[PDB]
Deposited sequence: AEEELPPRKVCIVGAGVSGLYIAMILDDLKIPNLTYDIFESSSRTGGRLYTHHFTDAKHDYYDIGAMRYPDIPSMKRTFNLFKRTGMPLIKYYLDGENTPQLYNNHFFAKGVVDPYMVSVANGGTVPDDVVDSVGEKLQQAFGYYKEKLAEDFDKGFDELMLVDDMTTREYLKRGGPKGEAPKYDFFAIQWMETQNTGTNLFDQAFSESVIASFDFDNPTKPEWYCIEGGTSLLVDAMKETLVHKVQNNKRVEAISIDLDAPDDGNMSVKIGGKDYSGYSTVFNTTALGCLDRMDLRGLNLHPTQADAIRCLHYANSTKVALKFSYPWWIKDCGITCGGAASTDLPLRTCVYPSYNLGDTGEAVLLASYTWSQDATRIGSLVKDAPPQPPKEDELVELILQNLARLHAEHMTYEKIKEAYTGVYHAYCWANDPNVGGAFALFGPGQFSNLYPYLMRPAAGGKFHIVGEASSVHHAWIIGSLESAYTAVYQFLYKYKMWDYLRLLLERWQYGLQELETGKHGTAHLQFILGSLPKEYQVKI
């Protein structure tokens, strides 16, 4: 018979909720847990904002779209287990405008944006129209290996992880045997592929990004009708021990001089919570770094990983309109996204309100990196109440982006005066949007992040603690692996076998 044991789950985002879900399913005798969440809200970076309780009157601030690819099977299994209402998500849609250098994209035209050397810009003529082809040449080998087997493909990709994307493109790969691109070529590739400055982060992250968004299998995409927070609701409801909100862990410790299994503790608001046999930390790493972890005696390079692994910013801005003018006036009738070099960068047309003719939400701006920091600087806790600079910027950018069909006056007139925006680097409980590692970090720092700690009783868990950054799948894989390690540590072979039987696939 198993002795009584308690574990501690720090954070109630999807990782922490998944750990609890797995433990609840295994039903290990005399095992209990505490889940502590710093926010008044549960769900973390699963976060649907509802303007009203009307059917489609929402947008997803965090996770919103899911590609049905093999590496994400665990995510779709969670969806199935919790009865999520899935509907099609249109990554690409009809008639979505693309605007660069104040020109609209045109199929079959040489340099439609007029940015090549031939037209007075500095993008090389042989690059301006062929970003797709040239990035497929840069990323494709690795994408194919990842599709064959993600783990093996990842291990192969790590052999060039010392390079940034820019460095890879500049030098022609590891041996100089690939094409070499000049600064302006690489700049245009970045502009057409990702957020501002992100080619100066890891080549491996750009490859994995391309694998997820431009997967060789050309997958179907899905979203959750009613918002991703429906998943948080579902996971919360099954909990044998409910989330304790407004509980911010500020320290984690192990008492190595104590003989007991339950010799770990955490500190919350100056008070000790003790008796834990294992602690699963599931917070973003910036939050973890703020804790006093001296009581864990972490390897110094593991500590370095917590402080230094790079996070990217992300900002979303959603506006309500009295009618879906992008559908009715612009012929944008089935989702997709408009891309531009204007400040809003990306305008996402919702896939969940396609048949509505009344009030409708538009995800008017979705940005990463420096673009997100810049939009984020206009996003305030208490929005300007009386002129709102962000609203005016978004309306002006939307007018330019949809100029083939709309005017600023008509868009402003359709705008209801209700909007919401969110900058993830401004969230105290995350401090960024997600991990997006710098050069060398996956191959050098990440293995120390994942190093056993406190004699195998402390786990650093979450999307950053995975090879699938910025996806639910990374959070879930990280959680599963940590539960495996926990069961193994305490030699619970019956329940480890059960874990593999029920939860591996």
Original post:
In sequence order, what intervals of the deposited sequence carry no C-alpha positions?
Top reply: 1 to 3, 390 to 391, 511 to 540
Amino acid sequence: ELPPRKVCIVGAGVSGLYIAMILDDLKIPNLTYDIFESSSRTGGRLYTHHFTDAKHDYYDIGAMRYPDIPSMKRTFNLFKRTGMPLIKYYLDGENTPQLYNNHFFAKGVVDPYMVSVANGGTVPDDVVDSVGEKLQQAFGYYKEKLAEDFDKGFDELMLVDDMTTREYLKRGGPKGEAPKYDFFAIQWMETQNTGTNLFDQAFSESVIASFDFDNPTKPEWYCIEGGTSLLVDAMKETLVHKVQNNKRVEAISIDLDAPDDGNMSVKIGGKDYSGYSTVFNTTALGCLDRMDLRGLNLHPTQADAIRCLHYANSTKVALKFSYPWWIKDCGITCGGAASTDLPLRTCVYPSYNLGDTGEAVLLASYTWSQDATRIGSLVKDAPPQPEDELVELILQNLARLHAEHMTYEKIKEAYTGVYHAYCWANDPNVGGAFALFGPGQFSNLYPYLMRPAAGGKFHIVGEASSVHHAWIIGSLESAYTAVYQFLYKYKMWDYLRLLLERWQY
From here on, numbers count along this sequence of modelled residues.
Original post:
Mean C-alpha B-factor higher for 203 to 211, or for 431 to 439?
Top reply: 203 to 211
Original post:
Averaging C-alpha B-factors over each stretch, which comes out higher, 189 to 197 or 259 to 267?
Top reply: 259 to 267
Subject >> Highest recorded Cα temperature factor - choice among 300, 132, 376, 112 >> reply: 132
**OP:** By the entry's C-alpha temperature factors, tell me which of 37, 68, 60, 463 sits highest.
**Re:** 68
Original post:
Is the Cα B-factor recorded for residue 484 in the lowest, middle or highest third of its chain?
Top reply: lowest
Original post:
Among the chain's modelled residues, which third holds the C-alpha B-factor of residue 412?
Top reply: highest
Subject >> Third of the chain, ranked by Cα B-factor, where residue 79 sits >> reply: middle
**OP:** Place residue 42 in the lowest, middle or highest third of its chain's C-alpha B-factors, as listed in the PDB entry.
**Re:** middle
Subject >> Lowest, middle or highest third - CA B-factor, residue 54 >> reply: highest
